[PDB]
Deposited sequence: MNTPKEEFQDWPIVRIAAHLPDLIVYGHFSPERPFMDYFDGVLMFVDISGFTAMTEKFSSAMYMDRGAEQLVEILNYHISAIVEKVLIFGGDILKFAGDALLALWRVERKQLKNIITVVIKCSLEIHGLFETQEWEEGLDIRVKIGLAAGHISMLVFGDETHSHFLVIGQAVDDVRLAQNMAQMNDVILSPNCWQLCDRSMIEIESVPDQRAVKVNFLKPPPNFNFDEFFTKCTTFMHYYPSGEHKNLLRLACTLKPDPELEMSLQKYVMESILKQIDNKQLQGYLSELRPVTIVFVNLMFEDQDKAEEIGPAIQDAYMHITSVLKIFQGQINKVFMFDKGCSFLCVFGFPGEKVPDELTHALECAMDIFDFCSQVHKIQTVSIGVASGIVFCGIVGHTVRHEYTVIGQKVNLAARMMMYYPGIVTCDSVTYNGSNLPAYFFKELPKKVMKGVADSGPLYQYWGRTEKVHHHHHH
């Protein structure tokens, strides 16, 4: 009696799971929105910095109209390798943004010290890939927030460790691994040699220096006791346990709400795989919400949910889409896009400004939101699915994405727009205020920037 090979099955549920972290795939949340959960862990924020900045080059004539295809190929070649390192070291990739990613090792509180050592070694092996990247590490309390409606879901992680991992990675020169102050407090100081970072309490990792009897592979194996989903036994050859997910209509209904409809169309073999990689004209509306205390999920959770319900309603009317939601050092940020896969309708610009204003007015009156700031910028951006075969997400990358992000942070409390938007809108000039030029870290040649004042003086 024959025994044919049990082969890998790429069911639709597995294809959906590649877009999501274990944090969501293996969650089992209540239905209320917002939903909040509390835990401890180590976070790694890795950035292939400088990439977005150079992406303008893939529009150049030398790429012969295959710039998008070449960009996603070269980006994925490098990002995939980082992803695979994270996964083999037992981490969960939470989110991709631009040319950056955020990873989590969730563990019981008593094990933070040893897991920090695992994450440090991972980081150093990540740098080792590129000898021929900047990394920030944080550790401590983390909260999860899940928000959405009956057909869409989004998640965020929040708290001091999340705020920290950002600060840490901003400080890294190239090739550094930086630890947050709390990460450095909690870590196995006997193992790692560090330097001070001038005017900072964070530190830099110089070397990992294990004791005589130390064997990293045996240490790692011990650490796996505490990793719930590390592929093992019969499945030790897989990068993710999620590769083994079986059809389950209830679970697939829950997971599909996290993925955009155009991605699902691809998943369902109803659209060619190449259709979503493109260098496409869009308008970015980057919405930032600031709170008095952004580390307290129970305070900020309802407010984010309320803002989301309104944003999604305003976006719906124009086929805008939320591409991502991230925490920033200051606030919760919604990266919204007008002009995505087959959503290309006329007056994208006037509508984008009116949408922004509507969001601004509504969110300004939401209980607990202290400040709303919105940046609007328009031009050619890369859109595509970035990451590894087993862990990837649809992402937008471009100078206009980062300009919209920087505008909302450098011009808080108002709706701002770039010159393409201002000129294109053909709204009358007195709907705007021409703004002073600010030097914006990460940006140059911004062109004139404007505030969208609105239809009336007020």
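Against the full deposited sequence, the model leaves out several stretches, namely 133 to 142, 469 to 475.
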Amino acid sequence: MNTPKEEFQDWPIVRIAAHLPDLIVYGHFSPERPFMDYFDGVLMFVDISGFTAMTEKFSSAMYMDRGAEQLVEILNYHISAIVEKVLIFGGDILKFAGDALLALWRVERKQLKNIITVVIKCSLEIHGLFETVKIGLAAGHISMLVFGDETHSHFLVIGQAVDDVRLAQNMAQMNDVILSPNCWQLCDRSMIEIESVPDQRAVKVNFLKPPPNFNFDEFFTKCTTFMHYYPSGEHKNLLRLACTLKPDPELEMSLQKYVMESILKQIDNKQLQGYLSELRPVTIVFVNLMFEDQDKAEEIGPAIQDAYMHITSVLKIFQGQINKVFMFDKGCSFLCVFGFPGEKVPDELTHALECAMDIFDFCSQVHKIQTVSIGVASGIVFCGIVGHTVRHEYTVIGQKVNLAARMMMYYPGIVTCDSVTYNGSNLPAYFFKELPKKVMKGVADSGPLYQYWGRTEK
From here on, numbers count along this sequence of modelled residues.
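We call the rigid core the largest set of C-alpha positions that still match within 1.5 Å between the two forms.
The higher RMS C-alpha distance to the shown form in 9 other deposited structures of this protein, out of 289 to 297 and 104 to 112, belongs to 289 to 297, with every structure fitted on the core. After superposition on the rigid core, the larger root-mean-square Cα deviation in 9 other deposited structures of this protein belongs to 91 to 99, not to the other of 91 to 99 and 231 to 239. The records show that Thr132 is omitted from the coordinate set of at least a third of the other eligible entries of this protein.
Stretches compared: 367 to 375, 69 to 77. Higher mean C-alpha B-factor in the entry: 367 to 375. Once the C-alpha B-factors are averaged per stretch, 40 to 48 and 420 to 428 rank with 420 to 428 first. Note on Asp149, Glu250, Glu292, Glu278: the highest value goes to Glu292, judged by CA B factor as recorded. Of the candidates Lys236, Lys330, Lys85, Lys222, the deposited coordinates give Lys330 the top C-alpha B factor. Annotation for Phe318: CA B-factor lies in the highest third of the chain's modelled residues. Split the chain's modelled residues into thirds by C-alpha temperature factor. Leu449 is in the middle one.
Among all modelled residues in its chain, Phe326 ranks in the middle third by Cα B-factor.
In this PDB entry, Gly90 carries a Cα temperature factor that places it within the lowest third of its chain's modelled residues.
Residue-level temperature factors show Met407 in the middle third of its chain, judged at the C-alpha atom.
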